[PDB]
$ cat coords14.cif   # mmCIF, C-alpha atoms and all ligand atoms
data_target
#
loop_
_atom_site.label_atom_id
_atom_site.label_comp_id
_atom_site.auth_asym_id
_atom_site.auth_seq_id
_atom_site.Cartn_x
_atom_site.Cartn_y
_atom_site.Cartn_z
CA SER S 1 -14.27 -81.31 15.20
CA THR S 2 -15.56 -78.06 13.72
CA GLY S 3 -14.32 -75.15 11.64
CA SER S 4 -15.48 -71.56 11.17
CA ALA S 5 -14.16 -69.09 8.61
CA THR S 6 -15.21 -65.64 7.49
CA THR S 7 -16.12 -65.17 3.84
CA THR S 8 -15.72 -61.72 2.27
CA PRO S 9 -17.18 -60.22 -0.93
CA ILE S 10 -14.51 -59.62 -3.60
CA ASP S 11 -16.00 -56.29 -4.69
CA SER S 12 -18.79 -53.79 -4.03
CA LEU S 13 -21.35 -55.86 -5.99
CA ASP S 14 -20.84 -59.16 -4.13
CA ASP S 15 -19.75 -60.76 -7.42
CA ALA S 16 -18.21 -63.62 -5.43
CA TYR S 17 -16.93 -64.37 -1.95
CA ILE S 18 -13.45 -65.42 -0.83
CA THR S 19 -12.52 -67.44 2.24
CA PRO S 20 -8.95 -67.89 3.52
CA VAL S 21 -7.64 -71.46 3.36
CA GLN S 22 -4.36 -72.79 4.77
CA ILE S 23 -2.53 -75.23 2.49
CA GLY S 24 0.70 -77.06 3.25
CA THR S 25 3.40 -76.94 5.89
CA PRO S 26 4.29 -74.26 6.78
CA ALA S 27 0.87 -72.90 5.91
CA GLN S 28 0.36 -71.08 2.63
CA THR S 29 -2.83 -69.04 2.89
CA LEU S 30 -4.86 -68.66 -0.33
CA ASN S 31 -8.23 -66.93 -0.73
CA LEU S 32 -10.57 -69.44 -2.34
CA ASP S 33 -14.06 -69.21 -3.81
CA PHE S 34 -16.15 -71.80 -1.93
CA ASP S 35 -18.40 -73.31 -4.59
CA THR S 36 -21.32 -75.62 -3.70
CA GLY S 37 -21.88 -76.10 -7.44
CA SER S 38 -18.59 -77.91 -8.18
CA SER S 39 -16.30 -80.46 -6.58
CA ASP S 40 -12.66 -79.59 -7.32
CA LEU S 41 -10.29 -77.78 -4.96
CA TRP S 42 -7.91 -76.07 -7.36
CA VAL S 43 -5.38 -73.30 -6.90
CA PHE S 44 -3.15 -70.91 -8.75
CA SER S 45 0.33 -72.29 -8.25
CA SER S 46 4.02 -72.17 -9.06
CA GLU S 47 3.08 -74.40 -12.04
CA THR S 48 0.56 -71.95 -13.53
CA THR S 49 1.60 -70.53 -16.92
CA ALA S 50 3.24 -67.26 -15.93
CA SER S 51 1.33 -65.09 -18.41
CA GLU S 52 -1.93 -66.36 -16.87
CA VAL S 53 -1.08 -65.17 -13.35
CA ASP S 54 -1.92 -61.52 -12.55
CA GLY S 55 -1.85 -60.69 -8.84
CA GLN S 56 -3.09 -63.98 -7.38
CA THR S 57 -1.37 -65.66 -4.47
CA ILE S 58 0.10 -68.98 -5.57
CA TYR S 59 0.57 -72.34 -3.90
CA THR S 60 4.15 -73.62 -4.22
CA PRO S 61 4.13 -77.34 -3.43
CA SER S 62 7.94 -77.56 -3.39
CA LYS S 63 7.88 -75.32 -0.29
CA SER S 64 5.46 -77.59 1.60
CA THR S 65 7.01 -80.47 3.55
CA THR S 66 3.66 -82.31 3.51
CA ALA S 67 2.97 -81.96 -0.25
CA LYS S 68 3.14 -85.15 -2.35
CA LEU S 69 2.59 -85.42 -6.10
CA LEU S 70 -0.41 -87.62 -6.84
CA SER S 71 1.35 -89.54 -9.56
CA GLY S 72 -0.35 -89.61 -12.93
CA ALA S 73 -3.36 -87.56 -11.84
CA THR S 74 -4.65 -84.69 -13.96
CA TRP S 75 -7.76 -82.53 -13.87
CA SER S 76 -9.67 -80.28 -16.24
CA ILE S 77 -12.86 -78.38 -15.54
CA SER S 78 -15.26 -76.20 -17.49
CA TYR S 79 -17.75 -74.07 -15.60
CA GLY S 80 -21.26 -72.95 -16.56
CA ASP S 81 -20.01 -69.43 -17.25
CA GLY S 82 -17.55 -70.65 -19.90
CA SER S 83 -14.44 -70.37 -17.74
CA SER S 84 -12.00 -73.26 -17.30
CA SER S 85 -8.78 -74.50 -15.75
CA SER S 86 -6.63 -77.65 -15.72
CA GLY S 87 -3.45 -79.14 -14.32
CA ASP S 88 -1.97 -81.83 -12.08
CA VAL S 89 -2.56 -82.85 -8.46
CA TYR S 90 -0.85 -82.93 -5.09
CA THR S 91 -2.09 -84.18 -1.77
CA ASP S 92 -1.42 -81.87 1.18
CA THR S 93 -2.79 -80.66 4.50
CA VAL S 94 -5.66 -78.20 4.11
CA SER S 95 -7.27 -76.24 6.94
CA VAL S 96 -10.37 -74.05 6.91
CA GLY S 97 -11.20 -72.01 9.98
CA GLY S 98 -9.40 -74.40 12.33
CA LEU S 99 -10.66 -77.62 10.69
CA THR S 100 -7.83 -79.71 9.23
CA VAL S 101 -7.88 -82.43 6.57
CA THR S 102 -4.72 -84.36 5.82
CA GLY S 103 -4.24 -85.91 2.38
CA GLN S 104 -6.59 -83.48 0.63
CA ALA S 105 -6.32 -83.42 -3.16
CA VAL S 106 -5.05 -79.96 -4.08
CA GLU S 107 -5.38 -79.50 -7.82
CA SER S 108 -2.55 -77.32 -9.11
CA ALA S 109 -3.40 -75.22 -12.16
CA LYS S 110 -1.09 -75.33 -15.15
CA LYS S 111 -3.62 -73.37 -17.23
CA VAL S 112 -6.49 -71.05 -16.36
CA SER S 113 -8.89 -69.17 -18.65
CA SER S 114 -8.85 -65.40 -18.99
CA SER S 115 -11.65 -64.70 -16.51
CA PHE S 116 -9.61 -66.32 -13.75
CA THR S 117 -6.44 -64.43 -14.69
CA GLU S 118 -8.37 -61.17 -14.74
CA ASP S 119 -9.71 -61.65 -11.22
CA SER S 120 -6.78 -60.91 -8.95
CA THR S 121 -8.81 -61.54 -5.78
CA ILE S 122 -9.59 -65.25 -6.33
CA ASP S 123 -6.66 -67.66 -5.79
CA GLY S 124 -8.70 -70.76 -6.67
CA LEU S 125 -11.91 -72.67 -5.92
CA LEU S 126 -12.93 -75.01 -3.13
CA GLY S 127 -15.71 -77.26 -4.36
CA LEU S 128 -18.49 -78.31 -2.00
CA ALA S 129 -20.86 -80.20 -4.32
CA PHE S 130 -20.83 -84.02 -4.30
CA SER S 131 -17.56 -85.81 -5.01
CA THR S 132 -19.11 -87.59 -8.00
CA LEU S 133 -18.49 -84.35 -9.96
CA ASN S 134 -14.76 -84.22 -9.16
CA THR S 135 -12.75 -84.10 -12.39
CA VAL S 136 -9.49 -85.77 -11.31
CA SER S 137 -8.46 -88.62 -13.61
CA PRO S 138 -7.83 -91.54 -13.50
CA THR S 139 -8.71 -91.66 -9.79
CA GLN S 140 -11.54 -89.32 -8.76
CA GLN S 141 -10.86 -87.37 -5.57
CA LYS S 142 -13.01 -86.32 -2.61
CA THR S 143 -14.02 -82.79 -1.64
CA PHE S 144 -12.75 -81.14 1.51
CA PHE S 145 -16.18 -81.63 3.09
CA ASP S 146 -16.34 -85.30 2.07
CA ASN S 147 -12.88 -85.87 3.64
CA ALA S 148 -13.74 -83.96 6.83
CA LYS S 149 -17.23 -85.38 7.29
CA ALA S 150 -16.55 -88.38 9.52
CA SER S 151 -14.53 -86.22 11.93
CA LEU S 152 -17.10 -83.43 12.20
CA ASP S 153 -19.36 -83.13 15.25
CA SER S 154 -22.29 -83.21 12.78
CA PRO S 155 -21.97 -83.99 9.04
CA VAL S 156 -22.98 -80.51 7.89
CA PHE S 157 -21.68 -77.18 6.69
CA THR S 158 -23.52 -73.86 6.62
CA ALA S 159 -23.34 -70.83 4.34
CA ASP S 160 -24.20 -67.42 5.78
CA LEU S 161 -23.33 -64.98 3.01
CA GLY S 162 -23.55 -61.24 3.65
CA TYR S 163 -25.10 -58.51 1.56
CA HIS S 164 -22.29 -56.03 0.93
CA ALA S 165 -20.65 -57.43 4.08
CA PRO S 166 -18.67 -60.41 5.33
CA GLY S 167 -20.35 -63.66 6.33
CA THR S 168 -19.43 -67.13 7.55
CA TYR S 169 -18.88 -70.72 6.46
CA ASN S 170 -19.15 -73.16 9.38
CA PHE S 171 -18.27 -76.86 9.28
CA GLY S 172 -19.64 -79.43 11.68
CA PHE S 173 -22.17 -77.37 13.65
CA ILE S 174 -25.21 -75.15 13.28
CA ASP S 175 -24.84 -71.72 14.93
CA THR S 176 -28.28 -71.20 16.42
CA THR S 177 -27.52 -67.49 17.00
CA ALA S 178 -27.01 -66.83 13.25
CA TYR S 179 -30.64 -67.00 12.10
CA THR S 180 -34.15 -66.03 13.14
CA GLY S 181 -37.12 -68.34 13.54
CA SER S 182 -36.70 -71.98 12.51
CA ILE S 183 -34.74 -73.77 9.79
CA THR S 184 -36.96 -75.46 7.19
CA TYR S 185 -35.42 -78.56 5.66
CA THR S 186 -36.20 -79.81 2.17
CA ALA S 187 -35.25 -82.86 0.13
CA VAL S 188 -32.14 -83.04 -2.05
CA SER S 189 -31.46 -85.07 -5.18
CA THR S 190 -27.80 -85.92 -5.68
CA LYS S 191 -28.42 -87.52 -9.09
CA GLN S 192 -26.63 -84.73 -10.99
CA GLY S 193 -24.00 -84.25 -8.26
CA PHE S 194 -25.47 -80.94 -7.06
CA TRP S 195 -27.35 -79.75 -3.98
CA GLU S 196 -30.54 -79.96 -6.06
CA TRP S 197 -33.89 -79.22 -4.46
CA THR S 198 -37.41 -78.04 -5.36
CA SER S 199 -38.70 -74.64 -4.32
CA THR S 200 -42.45 -74.50 -3.67
CA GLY S 201 -43.03 -71.19 -5.48
CA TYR S 202 -42.49 -67.45 -5.52
CA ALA S 203 -43.90 -63.97 -5.05
CA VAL S 204 -42.90 -60.61 -6.52
CA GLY S 205 -42.92 -57.71 -4.08
CA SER S 206 -46.12 -57.61 -2.04
CA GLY S 207 -47.89 -59.80 -4.61
CA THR S 208 -49.65 -63.07 -4.00
CA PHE S 209 -47.56 -66.22 -3.68
CA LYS S 210 -47.64 -68.53 -6.71
CA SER S 211 -47.43 -72.20 -5.75
CA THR S 212 -45.31 -73.92 -8.36
CA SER S 213 -42.44 -76.41 -8.21
CA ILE S 214 -39.07 -74.98 -9.23
CA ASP S 215 -36.24 -77.50 -9.34
CA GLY S 216 -32.81 -75.92 -8.96
CA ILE S 217 -29.41 -76.02 -7.29
CA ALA S 218 -28.05 -74.20 -4.25
CA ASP S 219 -24.85 -72.76 -5.73
CA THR S 220 -22.60 -70.43 -3.75
CA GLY S 221 -20.26 -70.14 -6.73
CA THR S 222 -22.88 -68.51 -8.99
CA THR S 223 -23.48 -64.79 -8.45
CA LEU S 224 -27.08 -64.43 -9.61
CA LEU S 225 -30.49 -66.08 -9.31
CA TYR S 226 -31.40 -67.95 -12.52
CA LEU S 227 -35.05 -69.01 -12.82
CA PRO S 228 -37.54 -70.03 -15.54
CA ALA S 229 -38.37 -67.36 -18.10
CA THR S 230 -41.99 -67.16 -16.94
CA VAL S 231 -40.93 -66.33 -13.36
CA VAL S 232 -38.26 -63.85 -14.42
CA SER S 233 -40.66 -62.05 -16.79
CA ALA S 234 -43.21 -61.72 -13.98
CA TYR S 235 -40.54 -60.14 -11.76
CA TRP S 236 -39.21 -57.58 -14.26
CA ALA S 237 -42.71 -56.62 -15.41
CA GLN S 238 -43.02 -54.89 -12.02
CA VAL S 239 -40.06 -52.59 -12.76
CA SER S 240 -40.82 -49.64 -15.04
CA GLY S 241 -38.52 -49.59 -18.03
CA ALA S 242 -36.96 -53.00 -17.41
CA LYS S 243 -36.29 -55.11 -20.49
CA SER S 244 -34.32 -58.10 -21.67
CA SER S 245 -31.34 -56.95 -23.72
CA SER S 246 -29.77 -59.48 -26.06
CA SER S 247 -26.77 -57.16 -26.54
CA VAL S 248 -26.08 -56.88 -22.81
CA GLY S 249 -26.95 -60.53 -22.09
CA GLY S 250 -30.00 -60.33 -19.85
CA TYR S 251 -32.49 -58.12 -18.09
CA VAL S 252 -31.49 -54.54 -17.46
CA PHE S 253 -33.41 -51.81 -15.68
CA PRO S 254 -33.19 -48.04 -15.17
CA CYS S 255 -30.72 -47.30 -12.39
CA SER S 256 -33.30 -44.81 -11.04
CA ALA S 257 -35.72 -47.66 -10.21
CA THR S 258 -36.64 -48.99 -6.80
CA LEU S 259 -36.64 -52.77 -7.14
CA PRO S 260 -39.32 -54.99 -5.57
CA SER S 261 -38.39 -57.89 -3.33
CA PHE S 262 -38.55 -61.48 -4.53
CA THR S 263 -39.80 -64.31 -2.30
CA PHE S 264 -39.06 -68.01 -2.82
CA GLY S 265 -40.70 -70.94 -1.07
CA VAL S 266 -38.94 -73.61 0.97
CA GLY S 267 -41.71 -76.02 1.87
CA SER S 268 -44.29 -73.92 3.69
CA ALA S 269 -41.64 -71.34 4.61
CA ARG S 270 -40.67 -68.21 2.67
CA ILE S 271 -37.32 -66.50 2.10
CA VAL S 272 -37.52 -62.83 1.09
CA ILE S 273 -34.78 -61.36 -1.09
CA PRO S 274 -34.85 -57.56 -0.63
CA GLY S 275 -35.00 -55.51 -3.81
CA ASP S 276 -31.56 -53.99 -3.21
CA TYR S 277 -30.00 -57.48 -3.43
CA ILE S 278 -31.18 -57.67 -7.06
CA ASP S 279 -29.24 -54.53 -8.17
CA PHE S 280 -25.91 -55.31 -9.89
CA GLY S 281 -25.21 -51.74 -10.87
CA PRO S 282 -24.40 -49.99 -14.13
CA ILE S 283 -23.79 -52.26 -17.12
CA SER S 284 -20.65 -50.22 -17.85
CA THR S 285 -19.07 -47.40 -15.86
CA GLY S 286 -21.25 -44.29 -15.92
CA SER S 287 -24.26 -45.97 -17.54
CA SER S 288 -27.80 -45.35 -16.26
CA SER S 289 -28.76 -48.90 -17.33
CA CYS S 290 -28.34 -51.34 -14.45
CA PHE S 291 -27.91 -55.12 -14.60
CA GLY S 292 -30.52 -57.31 -12.90
CA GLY S 293 -29.76 -59.95 -10.31
CA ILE S 294 -32.60 -62.25 -11.38
CA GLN S 295 -32.07 -63.70 -14.86
CA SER S 296 -33.56 -66.41 -17.06
CA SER S 297 -32.19 -69.95 -16.80
CA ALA S 298 -33.56 -70.79 -20.27
CA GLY S 299 -30.12 -71.02 -21.89
CA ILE S 300 -28.58 -73.01 -18.99
CA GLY S 301 -30.60 -76.20 -18.62
CA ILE S 302 -30.95 -75.84 -14.84
CA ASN S 303 -32.30 -73.28 -12.36
CA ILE S 304 -29.65 -71.83 -10.07
CA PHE S 305 -30.20 -70.42 -6.58
CA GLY S 306 -26.95 -68.46 -6.57
CA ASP S 307 -25.65 -65.84 -4.16
CA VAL S 308 -28.53 -63.39 -4.72
CA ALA S 309 -30.89 -65.97 -3.22
CA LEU S 310 -28.57 -67.67 -0.74
CA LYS S 311 -27.36 -64.47 0.94
CA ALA S 312 -30.96 -63.75 2.00
CA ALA S 313 -30.84 -66.94 4.13
CA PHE S 314 -28.88 -69.03 6.58
CA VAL S 315 -28.36 -72.22 4.56
CA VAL S 316 -27.59 -75.69 5.93
CA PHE S 317 -25.92 -78.21 3.64
CA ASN S 318 -26.73 -81.44 5.47
CA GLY S 319 -24.40 -84.22 4.36
CA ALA S 320 -26.03 -87.01 6.35
CA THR S 321 -26.57 -90.39 4.66
CA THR S 322 -29.64 -88.89 2.99
CA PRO S 323 -28.60 -85.29 2.30
CA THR S 324 -31.01 -82.38 2.80
CA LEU S 325 -30.91 -78.58 2.61
CA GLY S 326 -32.14 -76.20 5.29
CA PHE S 327 -33.09 -72.54 4.96
CA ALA S 328 -33.78 -69.96 7.65
CA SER S 329 -34.39 -66.24 7.53
CA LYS S 330 -31.79 -64.08 9.28
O1 LIG Z 401 -20.13 -75.44 -13.84
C1 LIG Z 401 -20.23 -76.21 -12.88
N1 LIG Z 401 -20.99 -75.96 -11.82
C2 LIG Z 401 -21.79 -74.75 -11.69
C3 LIG Z 401 -23.13 -74.92 -12.53
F1 LIG Z 401 -23.90 -75.89 -12.06
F2 LIG Z 401 -23.87 -73.82 -12.51
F3 LIG Z 401 -22.90 -75.20 -13.80
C4 LIG Z 401 -19.49 -77.50 -12.86
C5 LIG Z 401 -18.39 -77.87 -13.64
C6 LIG Z 401 -18.08 -79.11 -13.26
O2 LIG Z 401 -18.94 -79.52 -12.29
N2 LIG Z 401 -19.86 -78.47 -12.04
#
$ encode --input "coords14.cif" --output "structure tokens" --more "lines below"
Ligand SMILES: O=C(NCC(F)(F)F)c1ccon1
Amino acid sequence: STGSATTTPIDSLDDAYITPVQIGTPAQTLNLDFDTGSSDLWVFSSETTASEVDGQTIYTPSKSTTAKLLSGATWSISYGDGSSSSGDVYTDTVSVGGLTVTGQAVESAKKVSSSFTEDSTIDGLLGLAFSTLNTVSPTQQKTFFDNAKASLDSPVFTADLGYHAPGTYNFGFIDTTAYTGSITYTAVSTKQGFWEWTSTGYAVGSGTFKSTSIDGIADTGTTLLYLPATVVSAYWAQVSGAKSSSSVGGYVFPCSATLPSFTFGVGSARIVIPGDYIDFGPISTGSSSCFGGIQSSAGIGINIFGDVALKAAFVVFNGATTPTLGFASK
């Protein structure tokens, strides 16, 4: 089997992407944030504290003839950005782009943190990291991909995120019309439960390529590109007036600037992030200080190839017995 679904930016900055997902019988369609950096499929629901729901579409398990309470199961997750959610668990039928999994753990939120409430466009998350990170207790549950894998034509999914435009998540096949040149594959460590890999280096603008190993995660659920302080300083040094602002929470730059591109290495191949992709706009409405899309990972403990990097590529998440990651230009 295969599936194919369009993913759409939630706003004009590409802060995140939402993909429609059918849950239950009859189908209830929710717009979920597909997140290769976590492993829980959780939704706003009829059980979510009412004051914490503000415009989201909710899943109502009592209206699904295929929903079953997973007795005794609870979940609770905290994300790298400080947000969180928790609740109980149903199993139900879940379909993405024509691909159906029966008995998928659908984690129903009883509580969500303010950042989730405040984002009316995201109805929940669909985790696509390794199932070892799933938070359901006392019986850990499998991701949608993990459940679908054996049925797929090929044990893969691909992310093709757009810049200020829709893109595609495919399951079970590689669309050879969606990229240019060849796909370069690179090794993955699953030891921390992430799609963790090692970039071979970087360049800033038209500058020379620096060969250096940068370990990090391919994370569709993180907006920005978080890299070591040395690398990030070298980038922003090429933008007149750019500076790190402790009050704002990262590098900012004059909105009048033209940003240089940023290149990252995948083996001997190179992915070029255009300068425009690194502009996240005014820090507050009307400001002439703009927020940068490349930021230091120093406070985080891990480097993160988030949407800024991934949307410059066609990315293959290869879930074969030994997982790997593939990147192509597009
Ligand atoms: O925050 C999470 N993932 C995104 C991160 F890697 F950037 F942190 C998370 C929470 C539970 O499992 N993973």
$ closest_residue --input "coords14.cif" --among "S:35, S:15, S:68, S:112" --to "residue 47 in chain S" --atoms "all atoms listed in the file"
S:112
$ closest_residue --input "coords14.cif" --among "S:214, S:136, S:271, S:5" --to "ligand LIG 401 (chain Z)" --atoms "all atoms listed in the file"
S:136
$ residues_near_ligand --input "coords14.cif" --ligand "ligand LIG 401 (chain Z)" --cutoff "6 Å" --atoms "only C-alpha atoms and all ligand atoms" --output "ChimeraX atom specification"
/S:37-38,77-80,133
$ write_last_selection --input "coords14.cif" --atoms "C-alpha atoms" --output "compact mmCIF listing (two decimals), in the frame of the given file"
# COMPACT_ATOMS: atom_id res chain seq x y z
CA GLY S 37 -21.88 -76.10 -7.44
CA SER S 38 -18.59 -77.91 -8.18
CA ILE S 77 -12.86 -78.38 -15.54
CA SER S 78 -15.26 -76.20 -17.49
CA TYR S 79 -17.75 -74.07 -15.60
CA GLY S 80 -21.26 -72.95 -16.56
CA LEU S 133 -18.49 -84.35 -9.96
$ residues_near_point --input "coords14.cif" --point "(-2.5, -71.0, -5.4)" --cutoff "12 Å" --atoms "only C-alpha atoms" --output "NGL selection string"
:S and (20-24 or 27-33 or 41-48 or 53-61 or 106-110 or 112 or 116 or 120-126)
$ closest_residue --input "coords14.cif" --among "S:161, S:239, S:227, S:269" --to "residue 294 in chain S" --atoms "only C-alpha atoms"
S:227
$ atom_distance --input "coords14.cif" --atom1 "CA of residue 281 in chain S" --atom2 "CA of residue 307 in chain S"
15.6 Å
$ atom_distance --input "coords14.cif" --atom1 "CA of residue 166 in chain S" --atom2 "CA of residue 8 in chain S"
4.4 Å
$ atom_distance --input "coords14.cif" --atom1 "CA of residue 51 in chain S" --atom2 "CA of residue 19 in chain S"
25.0 Å
$ closest_residue --input "coords14.cif" --among "S:103, S:138, S:3, S:205" --to "residue 169 in chain S" --atoms "only C-alpha atoms"
S:3
$ residues_around --input "coords14.cif" --residues "residue 73 in chain S" --least-positions-apart "3" --cutoff "12 Å" --atoms "only C-alpha atoms" --output "PyMOL selection string"
chain S and resi 68-70+76+86-91+105-108+135-141
$ residues_around --input "coords14.cif" --residues "residue 195 in chain S" --least-positions-apart "4" --cutoff "10 Å" --atoms "only C-alpha atoms" --output "JSON, numbers by chain"
{"S": [36, 37, 38, 128, 129, 130, 187, 188, 189, 190, 191, 216, 217, 218, 219, 317, 318, 319, 323, 324, 325]}
